[PDB]
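S.K.: part one of the complex, untouched from its place in the assembly:
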Amino acid sequence: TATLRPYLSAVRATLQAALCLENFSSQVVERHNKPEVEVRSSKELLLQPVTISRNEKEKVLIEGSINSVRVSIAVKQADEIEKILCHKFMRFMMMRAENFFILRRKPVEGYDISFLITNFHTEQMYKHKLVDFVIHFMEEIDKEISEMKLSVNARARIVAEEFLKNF
């Protein structure tokens, strides 16, 4: 229902506030340094989860912490065919998480993809370009799925021709 420009702008202003990360050695093991949003072992270092959604199916969850932020987002699988094609697209993107330094190797339960930014990423990478990548993903994902649906339809038609024409 709601248009795409307000939804992205609300997400951007939220995510811009959550990337105020810091370096923070953990309290629970001698001198381990680990993202509190994933280890969750002390709870005065976790921020209140916040959620932005444009309808009942497309929602972005932001889970902050003193040293990390986890961003997990869901996209509308409007067709039976899109569920398959979206799962495969996410799988093949998630299969390369060592190159997308901010990407988890598994999604958060009930979300299609989920990013994890550490303080180190906001120190080494351009922080504002990490936001722009999350936004650029969120803009393009459904155009990319639509292209796959068309390209599969095309293949099915050409393969049907190559059988029938021989009779």
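M.R.: Ah, there it is. Residues are numbered from 1 along each chain as shown, chains lettered A, B, ... in the order given.

S.K.: Which positions in the longest helix anywhere in chain A come out as buried?
M.R.: Across chain A, the helix with the greatest residue count (assigned by DSSP state H) is helix A:127-164. Applying a neighbour-count criterion of 16 or more other C-beta atoms under 10 Å, one finds A:127, A:130-131, A:134, A:137-138, A:141-142, A:145, A:148 buried in helix A:127-164. Where C-beta positions appear, they are placed from N, C-alpha and C, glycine not excepted.

S.K.: ok, now stretch A:53-63?
M.R.: A:54, A:58-63.

S.K.: now do stretch A:120-129
M.R.: A:121-122, A:127.

S.K.: I'd like these as a markdown table, with distance to residue A:84 appended.
M.R.: Output for the buried residues of stretch A:120-129, formatted as a markdown table (distance: C-beta to C-beta, whole Å):
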| residue | distance to residue A:84 |
| --- | --- |
| A:121 | 32 |
| A:122 | 35 |
| A:127 | 35 |
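
S.K.: For residue A:161, state which of those is nearest.
M.R.: Minimum distance to residue A:161 across the buried residues of stretch A:120-129 is 49.3 Å, recorded for residue A:121 (C-beta to C-beta).

S.K.: residues in contact with the closest one?
M.R.: By C-beta atoms under 8 Å, 6 or more residues apart in numbering, the residues touching residue A:121 are A:101-102, A:130.

S.K.: Just the element for it, please.
M.R.: helix A:119-124 (DSSP states H and E).

S.K.: and that helix, how far out from the chain's middle?
M.R.: Put simply, helix A:119-124 sits 18 Å off its chain's centre (C-alpha atoms, centre = their mean, to the nearest Å).

S.K.: Could I have the CA atoms of that helix written out in PDB?
M.R.: Extracted as PDB, the C-alpha positions of helix A:119-124 are listed here (Å, rounded to 0.1, in the frame of the first residue of the first chain):
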ATOM      1  CA  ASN A 119      32.200  -1.700  14.600                       C
ATOM      2  CA  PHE A 120      35.100  -2.900  12.500                       C
ATOM      3  CA  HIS A 121      33.000  -2.500   9.300                       C
ATOM      4  CA  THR A 122      32.000   1.000  10.300                       C
ATOM      5  CA  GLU A 123      35.700   1.700  10.900                       C
ATOM      6  CA  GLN A 124      37.200   0.100   7.800                       C
END
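
S.K.: residues touching residue A:103, list them.
M.R.: So residue A:103 contacts A:93-94, A:96-97, A:113, A:115-116 (C-beta under 8 Å, 6+ apart).

S.K.: okay, chain B goes in next:
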Amino acid sequence: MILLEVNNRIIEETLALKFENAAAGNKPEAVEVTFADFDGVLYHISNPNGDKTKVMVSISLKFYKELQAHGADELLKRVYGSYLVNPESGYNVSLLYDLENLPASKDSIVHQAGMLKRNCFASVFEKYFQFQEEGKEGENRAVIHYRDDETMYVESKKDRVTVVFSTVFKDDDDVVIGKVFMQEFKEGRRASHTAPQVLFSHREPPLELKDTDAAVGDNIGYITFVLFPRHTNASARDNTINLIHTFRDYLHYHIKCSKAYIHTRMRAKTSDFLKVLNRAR
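M.R.: Let me put chain B in with the others:
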């Protein structure tokens, strides 16, 4: 490969090799090999009784009882003649060559041996085509369990011979993708005006077949071909029979490939996303 080829390479290779050494005469080396094909066929090539000079091919179709009701016996004799020896134990057909008497037409005998599964199936079509080409109509309908949960119904009508492939899709991916392919088969005449009518019924038996215990369920599909006199006639029947009996595996083969084709494109689309994130470094 877009189409599945009809001739088994293992027969085509091993017989061509053995008959080559027979033409050179150098040695009757032993052979013993077993291999499957589609449809649960289970071939065997062996030396009979240990006679290294004789070579015997056997077929093992699980559905040959209630296929030889539709010929599938006189046809094998018409095509193979002297080569159609008595069945080997446990197998329904055997076919014996020897390196002493095989003719110089080596390429013909080896190619026709590779067709052995096709020459078993072909008799049901050749019979029902000849019914349609001669105007009988009241005859019984051929039911052939080419797999154990998946059955072909060949029916003759004064204008038509129709070939209903019941089929089963094992994963939900295959149901969703398969339902796309057969939509393009439904319309496929739009690009090929002479092609046979293809109907697809999904979960439910087609309404004329609805007088037998045809299955119902989300995994089941019925595909109906309609073959006109431009296909069933004596000039076209052989090519038509070659195409039709492979259709079921043609469909499942391209389902597999289309999933692979998607994977190629997904890796490309991923790489063009990664190219964006690299600008954040």
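
S.K.: what do you get for the buried residues of stretch A:120-129 once chain B is counted?
M.R.: By neighbour count with 16 or more other C-beta atoms under 10 Å in any protein chain shown, stretch A:120-129 contains the buried residues A:121-122, A:125, A:127, A:129.

S.K.: swap in stretch B:23-36?
M.R.: So stretch B:23-36, judged by 16+ other C-beta under 10 Å, has buried residues residue B:28.

S.K.: can you check stretch A:27-36 too?
M.R.: So for stretch A:27-36, counting by 16+ other C-beta under 10 Å, buried means A:34-36.

S.K.: Please report how far the nearest residue to residue B:91 once chain neighbours are set aside lies from residue B:42.
M.R.: Distances taken as C-beta to C-beta, 6 or more residues apart in numbering or on different chains put residue B:58 closest to residue B:91, at 3.9 Å, once the chain neighbours are dropped. Relative to residue B:42, residue B:58 is positioned 9 Å away (C-beta to C-beta, to the nearest Å).

S.K.: Settle it for me: which of the two has more neighbours?
M.R.: Applying other C-beta atoms under 10 Å in any protein chain shown to residue B:58 and residue B:42 shows that residue B:58 carries more neighbours, namely 23 against 16.

S.K.: Now for that one: which residues touch it?
M.R.: B:43-46, B:87-88, B:91, B:93-95 (C-beta atoms under 8 Å, 6 or more residues apart in numbering or on different chains).

S.K.: let's see it at 6 Å
M.R.: Shown in contact with residue B:58 (C-beta atoms under 6 Å, 6 or more residues apart in numbering or on different chains): B:44, B:88, B:91, B:94.

S.K.: now do residue A:126
M.R.: Per C-beta under 6 Å, 6+ apart, neighbours of residue A:126: residue B:280.

S.K.: now it: how far from residue B:277?
M.R.: 10 Å.

S.K.: Around chain B, pick out the residues from chain A.
M.R.: Within chain A, the positions near chain B by C-beta under 6 Å from any C-beta of the partner chain are A:80-81, A:84, A:88-89, A:92-93, A:99-100, A:125-126, A:129-130, A:133, A:136, A:144, A:155-157, A:159-162, A:164-167.

S.K.: of the buried residues of stretch A:120-129, closest to residue B:73?
M.R.: residue A:121 (74.2 Å).

S.K.: ok, residue 106 - contacts?
M.R.: Picked chain A for this. Counting by C-beta under 6 Å, 6+ apart, residue A:106 has no contacts.

S.K.: not quite, I wanted chain B
M.R.: Residue B:106 touches residue B:19, counting by C-beta under 6 Å, 6+ apart.

S.K.: how about it, phi and psi?
M.R.: Here is the backbone geometry of residue B:106 (degrees, to the nearest 10): phi -40, psi -50.

S.K.: can you slot in chain C too:
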Amino acid sequence: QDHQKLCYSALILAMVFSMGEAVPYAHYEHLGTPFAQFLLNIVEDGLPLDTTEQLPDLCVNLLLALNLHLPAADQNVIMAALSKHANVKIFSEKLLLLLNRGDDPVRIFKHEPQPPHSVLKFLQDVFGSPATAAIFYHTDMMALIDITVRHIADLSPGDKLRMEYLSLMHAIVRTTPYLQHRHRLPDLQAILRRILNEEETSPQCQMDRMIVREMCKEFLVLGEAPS
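M.R.: Just below you will find chain C, in place on the chains above:
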């Protein structure tokens, strides 16, 4: 027989017509339907010399530019070609890949008094009659309704282009068998609810709300309550 000259000829015609001005009527002796049928054939199966596979793209670009100046769908010398062509498989597909991205290939230059968005124009001209509405395969038109029902939702108020997708849905509703298959009708109504209630007050927003009132008055299934 000169692949290079053919490519530049097609490119220059697209460049030349890219501003949508009317031509001498003497032009349509050649630029009429026989040339349009020629361009459809080049896209549908190409030429042996086109080892770059490059003419199909140039010829798709050219038909969009050629149509840009024609006023209507009934007289349209291009649409009369599509009607009479035996089977338009490939052109149907390439046109959707462009609409999906939503860019306009014909605006190759920066000149400021820009014409209409060429692909939205070309599709509105396709659907203006039942004979050309049959161009699409069923699966293609399903993907078309999906693509446009998405773009109408995502465009913000006051955008020039949101009216055009509204007009293209109006065209599709009015001339295809839409209300007998209803492929995305729940989602369309949910958007038309929002569009009709939209409290923004710019002239283009008023025009968007008006064309929804035209569309729902013609087809009362639109604007009905959710299921």
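
S.K.: In light of the added chain C, please revisit the contacts of residue A:121.
M.R.: A:101-102.

S.K.: now do residue B:160
M.R.: residue B:226 are the contacts of residue B:160 under C-beta under 6 Å, 6+ apart.

S.K.: Enumerate the residues of chain C near chain A.
M.R.: C:93, C:96, C:100, C:139, C:143, C:154, C:156, C:194.

S.K.: near chain B, which of those show up?
M.R.: Applying C-beta under 6 Å from any C-beta to the residues of chain C next to chain A, those adjacent to chain B are residue C:139.

S.K.: Of the residues of chain C next to chain A, which count as buried by neighbour count?
M.R.: The buried subset of the residues of chain C next to chain A - by 16+ other C-beta under 10 Å - is C:93, C:96, C:100, C:139, C:143, C:154.

S.K.: Isn't the last one up against residue A:5?
M.R.: Spelled out, that is residue C:154. No - Residue C:154 lies out of contact with residue A:5 (C-beta atoms under 6 Å); the separation is 8.2 Å.

S.K.: what's the distance between the closest residue to residue C:52 other than its chain neighbours and residue C:91?
M.R.: Leaving aside its sequence neighbours, residue C:52 sits nearest to residue C:3 (C-beta to C-beta, 6+ apart; 7.9 Å). Note on residue C:3: its distance to residue C:91, by C-beta to C-beta, is 20 Å.

S.K.: the more surrounded of these two?
M.R.: A count of neighbours by other C-beta under 10 Å puts residue C:91 above the other of residue C:3 and residue C:91, at 20 against 15.

S.K.: in a helix, that's where that one is, yeah?
M.R.: Yes - using DSSP: H, G, I helix; E, B strand; the rest coil, the assignment for residue C:91 is a helix.

S.K.: list the contacts for it?
M.R.: So residue C:91 contacts residue C:43 (C-beta under 6 Å, 6+ apart).

S.K.: Regarding residue C:34, what is its secondary structure?
M.R.: Per three-state DSSP, residue C:34 ends up helix.

S.K.: From residue C:135, how far off is it?
M.R.: 19 Å.

S.K.: Same drill for these two, tell me which one is more crowded.
M.R.: Just comparing residue C:34 and residue C:135: by other C-beta under 10 Å the higher neighbour count belongs to residue C:135, 21 against 11.

S.K.: re earlier: are the longest helix of chain A and chain C in contact anywhere?
M.R.: Yes - contact of helix A:127-164 with chain C (C-beta under 6 Å from any C-beta) involves A:146, A:150, A:153-154.
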